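We begin with a single chain expressed as structure tokens, specifically the form deposited without the ligand.
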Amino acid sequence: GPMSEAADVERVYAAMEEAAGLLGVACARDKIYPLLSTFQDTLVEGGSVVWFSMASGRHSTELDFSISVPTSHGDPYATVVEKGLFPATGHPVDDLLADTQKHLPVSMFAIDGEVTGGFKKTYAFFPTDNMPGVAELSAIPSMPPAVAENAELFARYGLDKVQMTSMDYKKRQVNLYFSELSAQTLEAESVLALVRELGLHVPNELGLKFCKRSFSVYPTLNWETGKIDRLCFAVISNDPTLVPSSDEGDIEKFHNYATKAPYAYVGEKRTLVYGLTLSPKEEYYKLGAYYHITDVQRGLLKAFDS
């Protein structure tokens, strides 16, 4: 009832504080709870997907949280704008989530915030049996011109189907999460030519071995240029030791997070998503640990963590 639902949201917030405490990060309740309350039903109803994400390097003092939102709820960006939880940008990224649902079958949404900065991003998921390609994504008028401009490049490397997209409203960037990756696409020669063509940090063989394991690859694009800002390879696993770094502090900090991050599906092992992110001037590491999982994450583990 009303109290049990209110307590669920307290529980999610307490887990957020726990996860943030593993990094030494303190949570700003006044930035987070209004968001949690606005989306209380999604956290209560079930089918929830919630994950808490950390990063290495110059990003290590932040904790991100992402919370799934059903399409039946309606565009969660319009919600946060109308409620005053985030100021409208005045830029096409404002339109992109709603525009995407206009033009394509969207199976789910998600919202994402940082524990000290509040709301920052939305996601659009597409059905696993009905994913768009680049050409269909570029039919969305508010999508960055960079998508269509990189179509030739995406096709040449076999980056075709997209399982979801994410919109960053503060940086005005879009991520395209490519799926159904072929082994040719993730072979070291292919990855090397890709990152070299994009002018990004060249990984070593440890990073390449990680890339070969990826279930998703996502470039970041923006509305100002056709240049891809960075590229991330994502690996899903129950294994807590997979961070692709040879730095002893990284190895320790990520294993610590991967073995202590709060989660609710006790009785199973934590679902983890590692990311290897290549930008022009650096390489850094991400780790999301899911607090709430569904059959999708279990199916991905079976396919890619076996």
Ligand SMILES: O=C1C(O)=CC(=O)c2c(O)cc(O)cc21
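The numbering used is simple: start at 1 and walk along the sequence shown.
Stretches 57 to 65 and 33 to 41 differ in mean CA B factor, with 57 to 65 having the higher one.
Across the two stretches, 275 to 283 and 43 to 51, the PDB entry reports the greater mean Cα temperature factor for 43 to 51. In this structure the maximum Cα B-factor among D160, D168, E136, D94 is found at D160. In this PDB entry, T225 carries a Cα temperature factor that places it within the highest third of its chain's modelled residues. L153: CA B factor in the middle third of modelled residues in this chain (values from the PDB entry). Among all modelled residues in its chain, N256 ranks in the middle third by Cα B-factor.
In the PDB entry, a CA B factor belonging to the highest third of its chain's modelled residues is recorded for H73.
When the modelled residues of the chain are ordered by their C-alpha B factor, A19 lands in the lowest third.
Beyond what is shown, the protein has a form solved in complex with the ligand; the following relates to that form.
Within 4.5 Å of any heavy atom of the ligand in the entry with it bound lies no heavy atom of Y169. Not displayed here, the ligand is kept clear of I228 by more than 4.5 Å at the level of heavy atoms in the entry with it bound. A residue is said to contact a partner when one of its heavy atoms sits within 4.5 Å of a partner heavy atom; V134 fails this definition for the ligand in the entry with it bound, lying far away. Using a 4.5 angstroms limit between non-hydrogen atoms, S214 is distant from the ligand in the entry with it bound. Heavy atoms within 4.5 Å of the ligand in the entry with it bound are found in one stretch of 140 to 148, 81 to 89, 201 to 209, 158 to 166, which is 158 to 166. Contact with the ligand in the entry with it bound, defined as a heavy atom within 4.5 Å, holds for exactly one of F154, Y218, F119, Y77, namely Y218. Contact with the ligand in the entry with it bound, defined as a heavy atom within 4.5 Å, holds for exactly one of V9, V25, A15, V296, namely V296. Contacts of stretch 220 to 250 with the ligand in the entry with it bound, defined by any heavy atom lying within 4.5 Å, are made by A234 alone.
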